[PDB]
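Read in order, the letters of the sequence shown correspond to residues 4 to 64, 78 to 232 in PDB author numbering.
The beta carbon of each residue, even a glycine, is placed where N, CA and C say it ideally should be.
Okay, so here's the structure we're looking at.
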Amino acid sequence: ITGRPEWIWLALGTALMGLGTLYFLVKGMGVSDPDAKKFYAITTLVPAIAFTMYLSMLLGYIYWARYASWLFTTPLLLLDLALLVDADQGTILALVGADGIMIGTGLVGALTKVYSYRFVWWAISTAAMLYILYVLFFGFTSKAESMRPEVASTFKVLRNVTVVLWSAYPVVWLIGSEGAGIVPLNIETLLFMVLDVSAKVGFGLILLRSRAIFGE
Ligand SMILES: *C/C=C(C)/C=C/C=C(C)/C=C/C1=C(C)CCCC1(C)C
Ligand SMILES: [Br-]
Ligand SMILES: [Br-]
Ligand SMILES: [K+]
Numbered sequence: 004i005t006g007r008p009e010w011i012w013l014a015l016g017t018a019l020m021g022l023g024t025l026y027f028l029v030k031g032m033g034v035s036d037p038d039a040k041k042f043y044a045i046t047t048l049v050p051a052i053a054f055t056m057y058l059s060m061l062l063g064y078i079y080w081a082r083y084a085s086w087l088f089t090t091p092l093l094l095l096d097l098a099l100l101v102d103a104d105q106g107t108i109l110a111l112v113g114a115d116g117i118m119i120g121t122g123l124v125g126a127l128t129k130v131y132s133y134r135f136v137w138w139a140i141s142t143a144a145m146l147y148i149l150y151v152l153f154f155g156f157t158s159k160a161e162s163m164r165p166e167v168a169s170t171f172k173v174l175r176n177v178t179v180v181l182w183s184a185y186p187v188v189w190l191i192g193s194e195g196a197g198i199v200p201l202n203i204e205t206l207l208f209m210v211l212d213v214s215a216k217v218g219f220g221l222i223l224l225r226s227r228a229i230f231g232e
C-alpha cells in the first residue's frame with residue numbers, strides 16, 4: 004500500500020501541512036501585537052484543517081474530504097487578505113458567498129452521473145472563482161495602495177501568488193478524472209497536493225514573515 008503513488012502524495016501532504024502548522028505555532032509564540040495575533044490565528048488554523056483532512060484521507064485509504085477542506089480553508093485565506101486591506105463587510109460577505117458557490121458547484125460537478133454536465137458545473141464554479149480573483153486583483157489592490165508601504169508590498173505578492181495558484185485548480189480538475197480524464201489519478205493527486213501546500217503553507221510563510229501584519 005505504501006508503494007502506491009496515491010498513498011505517497013497523501014502522506015507527503017499530511018507531513019507538510021503538519022510541519023507548516025507547527026512552524027506557524029512556533030513563530031506566533033511571543034508575538035503580542037493584537038493585529039499580528041489575528042493573522043497568526045487564521046494562518047495557523049488553515050494548514051491545521053488541511054492536515055486533519057489529509058490525515059483522514061490516509062486513514063480512509078475518499079476524496080470527499082478534499083472539497084470539505086477547501087470549503088473551510090478558502091474562506092479563511094480570503095479573510096486573511098480582507099484583514100490585510102481592511103476590506104468592507106459587504107465585500108467580504110460577497111467573496112465568501114461566491115466562494116461557497118465555487119466549492120459547492122465543484123462538488124456537484126464531481127458527483128454528476130452524466131457527461132457534458134460535468135463541464136456545466138465546472139463553468140459555474142470557474143465563474144465564481146473569476147469574480148473572487150477580479151475583486152482581489154482590481155478591488156483589493158486599490159485599497160492596499162492607499163495603505164502603508166509594507167502592506168501594499170506584501171498584499172501584491174500574496175495577491176499574485178493567490179491568483180496563479182487558485183487559477184490552476186480548474187485546469188487540474190478539467191484534465192483530471194472529474195473532467196476529461198486525461199491525467200491519471202496519482203498525478204492529479206500530486207498536482208492538488210502541491211497546490212494545496214503552496215496556497216496554505218507557502219502563502220502563510222510569505223504573510224507571517226512580513227511586517228505588514230503588525231498594527232504599527
Ligand atoms: C487550500 C486550498 C485552496 C486554496 C483551494 C482552492 C480551490 C479552488 C480555487 C478550486 C476551484 C475549482 C474550480 C474553479 C472549478 C472546478 C472545481 C474546483 C473546486 C476544483
Ligand atoms: Br486542502
Ligand atoms: Br472593500
Ligand atoms: K510583538
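C-beta atoms of residue i and residue j nearer than 9 Å
i    : j    : result
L99  : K40  : no
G231 : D36  : yes
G31  : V213 : no
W138 : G122 : yes
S85  : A53  : yes
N202 : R82  : no
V136 : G125 : yes
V199 : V210 : no
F156 : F171 : yes
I140 : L111 : no
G218 : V177 : yes
Anticipated Cβ contact below 8 Å, residue i with residue j, distance rounded
i    : j    : result
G220 : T46  : 4 Å
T89  : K216 : 7 Å
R134 : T128 : 5 Å
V179 : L152 : 7 Å
Residue closest to residue i, alpha-carbon to alpha-carbon, out of the options
i    : options                   : result
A14  : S59, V34, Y26 and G31     : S59
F208 : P8, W12, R7 and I4        : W12
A228 : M163, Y57 and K216        : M163
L94  : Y150, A81 and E194        : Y150
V101 : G120, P186, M145 and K159 : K159
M118 : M56, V167 and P91         : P91
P50  : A81, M56 and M20          : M20
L174 : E194, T142, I191 and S226 : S226
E9   : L211, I222, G218 and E204 : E204
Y131 : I140, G195, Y57 and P165  : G195
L206 : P165, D38, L97 and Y79    : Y79
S183 : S169, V29 and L146        : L146
Limits of the unbroken alpha helix (DSSP H) element including residue i
i    : result
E9   : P8 to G31
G155 : First-last for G155: undefined, no H or E at that position.
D104 : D104 -> no alpha helix (DSSP H), and no H or E assigned at all.
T128 : It is not in any alpha helix (DSSP H) - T128 carries neither H nor E in the DSSP assignment.
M163 : That residue, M163, is in no alpha helix (DSSP H); it is neither H nor E in DSSP.
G231 : It is not in any alpha helix (DSSP H) - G231 carries neither H nor E in the DSSP assignment.
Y64  : Neither: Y64 is in no alpha helix (DSSP H) and is coded neither H nor E.
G218 : Element bounds for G218: n/a, residue is neither H nor E.
Kindly provide the ranges of any alpha helix (DSSP H) runs that are 4 or more residues long and lie completely inside the region 161 to 204, ordered along the chain. 165 to 191
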